[PDB]
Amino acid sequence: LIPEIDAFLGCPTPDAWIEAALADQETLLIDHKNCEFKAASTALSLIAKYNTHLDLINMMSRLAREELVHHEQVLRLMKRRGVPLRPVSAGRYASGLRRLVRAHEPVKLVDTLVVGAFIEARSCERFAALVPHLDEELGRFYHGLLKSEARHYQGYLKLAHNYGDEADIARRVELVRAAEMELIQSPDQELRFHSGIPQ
């Protein structure tokens, strides 16, 4: 039946992450841009791995295009604000959740969609936590990305139900929710879009 975002997620965005985010918005934009690209890139890797699953390759193709549009929009905004194309490394969050995926099919694909569901759901929750504290152009932009992150969250979770049983998915969501919550609430060395509470 698909929970609401706050119901699906193990915790809110800590007040400390947001204080850190607002002090270093150039790093945030670069990392957001990078995350839109990794989403598209991750969707293409699933098409390559599951090359004869027609229901998956169609969704992932459309989703990869959505993510690339977002990747371009964020590059547009970066130019307007003279944010320079500076190399920012990946946070621990994405690699962190994938370490949870089981090695065997057909659970490996279910687990991968659930992790996808969490990343989308957290991005939605976190954009909304930021909007009110931002300028109008950045606030209007991030408010725009909100409805599509919720849709990508619904999409990833629906696709897991297509390829696995209600019971196995409830259990996967439970294990991931906990790992995801620990990543958000733990302290972290670097302000990323999906980083923990800064030391």
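All residue numbers refer to positions in the sequence shown, first residue = 1.
With 130-138 and 42-50 compared on mean CA B-factor from the PDB entry, the stretch scoring higher is 130-138. Look at the C-alpha B-factors of 60-68 and of 168-176. On average they run higher in 168-176. As recorded in the PDB entry, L100 shows the highest C-alpha B-factor of the residues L100, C124, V114, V74.
In the PDB entry, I119 places in the lowest third of its chain by CA B-factor. The PDB entry assigns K147 a C-alpha temperature factor belonging to the highest third of its chain's modelled residues. Sort the modelled residues of the chain by CA B factor and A20 lands in the middle third. In the deposited entry, the Cα temperature factor of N162 places it in the highest third of its chain's modelled residues.
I184 sits in the middle third of its chain by CA B factor, as recorded in the PDB entry.
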